[PDB]
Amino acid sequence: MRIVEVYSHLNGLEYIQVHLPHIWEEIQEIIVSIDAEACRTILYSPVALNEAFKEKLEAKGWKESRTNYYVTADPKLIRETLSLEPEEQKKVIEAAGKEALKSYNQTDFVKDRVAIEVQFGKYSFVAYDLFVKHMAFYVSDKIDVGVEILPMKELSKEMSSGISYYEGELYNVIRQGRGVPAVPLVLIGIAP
């Protein structure tokens, strides 16, 4: 496959280029290696595409990651426990006489404190990846930068209706105003 567009959010790409140059080179090579034709089961299959990326990513040591945390109804306690370890979060919340509720986020591809999301899903999933998933791993000190691989409109239009595309998601990010979300990111738009 090929990269058509790349957007560096909060200079996330440059951070990778300085501190983890091998990662940027690898991400680029993995994309080139994906055979989109074999996924043309003539629309393209999101399941087939996800399987192809999964094999290549895991073949290069990108592995699953999970981050646990405790939520609560109290805004003050949330702000005071965001950066704490799970057990400490619960301890602090309960010590204030408030209820702690178990939660977590899980992602398939993490390596060298970089998370990569390959998204060929419906319109609501990218928003969730950017503002909740990547942010969760970032705030929990598991990643320093997140990467979102998305199909350009030229590819999404050749897939089932309802699949989000690069141009639309880039818009959703920039529409937030400067520097939102707080996690540095690299948005990559691809095509066959």
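Residue positions are given as counts along the sequence shown, with the first one as 1.
**Q** According to the entry, how many residues of the deposited sequence fall between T41 and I42 and are not modelled? Options: none, 1 to 3, 4 to 9, 10 or more.
**A** Going from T41 to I42, the model skips 10 or more residues of the deposited sequence.
**Q** Please work out which of 160-168 and 127-135 has the higher mean CA B-factor as recorded in the PDB entry.
**A** Result of the comparison: 160-168.
**Q** I need to verify one thing: averaged over C-alpha atoms only, is the B-factor higher for 143-151 or for 48-56?
**A** 48-56 has the higher mean C-alpha B-factor.
**Q** Per the entry, which of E99, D108, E80, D112 tops the list for Cα B factor?
**A** Most elevated C-alpha B-factor of the set, per the entry: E80.
**Q** Quick one: classify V180 as lowest, middle or highest third of the chain based on its Cα B-factor.
**A** According to the entry, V180 has a C-alpha B-factor in the chain's highest third.
**Q** Split the chain's modelled residues into thirds by Cα B-factor; is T72 in the lowest, middle or highest one?
**A** Lowest third, going by the recorded CA B-factors of the chain.
**Q** By the recorded C-alpha temperature factor, relative to the other modelled residues in its chain, which third is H22 in?
**A** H22: CA B-factor falls in the highest third of its chain.
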